[PDB]
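Encoded as structure tokens, the following chain is the form solved without the named molecule, with no partner shown.
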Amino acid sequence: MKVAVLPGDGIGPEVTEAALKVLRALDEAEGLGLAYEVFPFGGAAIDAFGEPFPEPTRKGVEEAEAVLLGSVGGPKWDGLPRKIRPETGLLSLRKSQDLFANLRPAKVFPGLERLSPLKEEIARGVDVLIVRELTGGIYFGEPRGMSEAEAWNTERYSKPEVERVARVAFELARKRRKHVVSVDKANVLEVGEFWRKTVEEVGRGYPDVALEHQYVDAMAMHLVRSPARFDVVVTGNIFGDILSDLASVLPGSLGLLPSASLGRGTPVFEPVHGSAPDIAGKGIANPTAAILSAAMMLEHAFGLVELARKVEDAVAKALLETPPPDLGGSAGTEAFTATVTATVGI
């Protein structure tokens, strides 16, 4: 269990350490042989090496089995050349490991339905995993450009690209509730027909997984109307950007959202939240997102499904009995973390 830890900026370092205390207690009580090394990344790397992704950290991630990343970026570096700013580092890390599938789950823990913008009866049970293609689509498609008279961008997709995301989505569904919803705009766009047909062929190799297809517009309605019926959802870059943000509001607090990036190389698990400079080091930060990110790591990097679920359960229990400030509670980083460990240990 080789973990390259990239704590990052702002509250990253401290929430990441919260996640590590949880892992260290699990590894100690169950003997998981966890081994990790922390490497400089983000602004932290910029300030100590002149760039976001320094060689040592590059090698550090190649050699690890998984990467636990904290928050990256902050006002202190947003004014540097694009090619050396934090967000850039994330670009080169993802690319160095050929990561093409962004994993964004959204789950309403039992008893926390009240937090949802949705009515209670419709929030209950939500547990959807949104898989978003990262390497291509209109976000990268060419030609792109703009004149004084007009602008253009191209939504382009190759079969290999759709195929790899699709595969990851089916695999994921297997170890889940065996359902996959592939979302596209096939009723009007060629790339939607192509995507649809590709995901269809690929799904043939996964008979044990029920494959449903829906349109993006229809999907947006479905995630507010009845999100609880979906398990895994896969779709291209932009629709994936929109659908995961949509699903992200379902639970009701950003500080809970974990995330993962799977690909050909080393998998990256990190919180969705930002660095939150103004509260860094004040021990207020809700570590939930980083912990759940460590939980996603256990499961997807090391196939420890049951234990991961054990960590998730414990954090769900903690947000109920000792909620952190952002949930209207008074449990700070340190205290919340102990609660989670307890609920894991008991």
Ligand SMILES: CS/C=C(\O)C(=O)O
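All residue numbers refer to positions in the sequence shown, first residue = 1.
Of the two stretches examined, 150 to 158 and 242 to 250, the record assigns the greater average C-alpha temperature factor to 150 to 158.
For the two regions 322 to 330 and 19 to 27, the entry's Cα B-factors average higher over 322 to 330. The PDB entry assigns its highest CA temperature factor, among 105, 117, 86, 227, to 86. In the deposited coordinates, the residue among 141, 267, 236, 73 with the greatest CA B-factor is 73.
In this PDB entry, the Cα temperature factor of residue 194 sits in the middle third of its chain's modelled residues.
Residue 262 sits in the middle third of its chain by CA B factor, as recorded in the PDB entry.
Sort the modelled residues of the chain by CA B factor and residue 92 lands in the highest third.
Compared with the other modelled residues of the chain, the Cα B-factor recorded for residue 213 ranks in the highest third.
When the CA B factors of the chain's modelled residues are split into thirds, the value for residue 7 lands in the lowest one.
Beyond the structure shown, there is the form solved in complex with the named molecule, which is absent from this document and is the topic of what follows.
Using a 4.5 angstroms limit between non-hydrogen atoms, residue 259 touches the named molecule in the deposited complex. Contact between residue 272 and the named molecule in the deposited complex is found at the 4.5 Å heavy atom cutoff. Taking the partner from the other structure, the named molecule in the deposited complex has no heavy atom within 4.5 Å of any heavy atom of residue 129. When the named molecule is considered in the deposited complex, residue 180 lies well away from it, no heavy atom lying within 4.5 Å. Checking 120 to 128, 152 to 160, 94 to 102, 200 to 208 against the named molecule in the deposited complex, the stretch whose residues place heavy atoms within 4.5 Å of it is 94 to 102. With the partner omitted from this view, the residue of 250, 134, 243, 173 that lies near the named molecule in the deposited complex is 134 [heavy atom within 4.5 Å].
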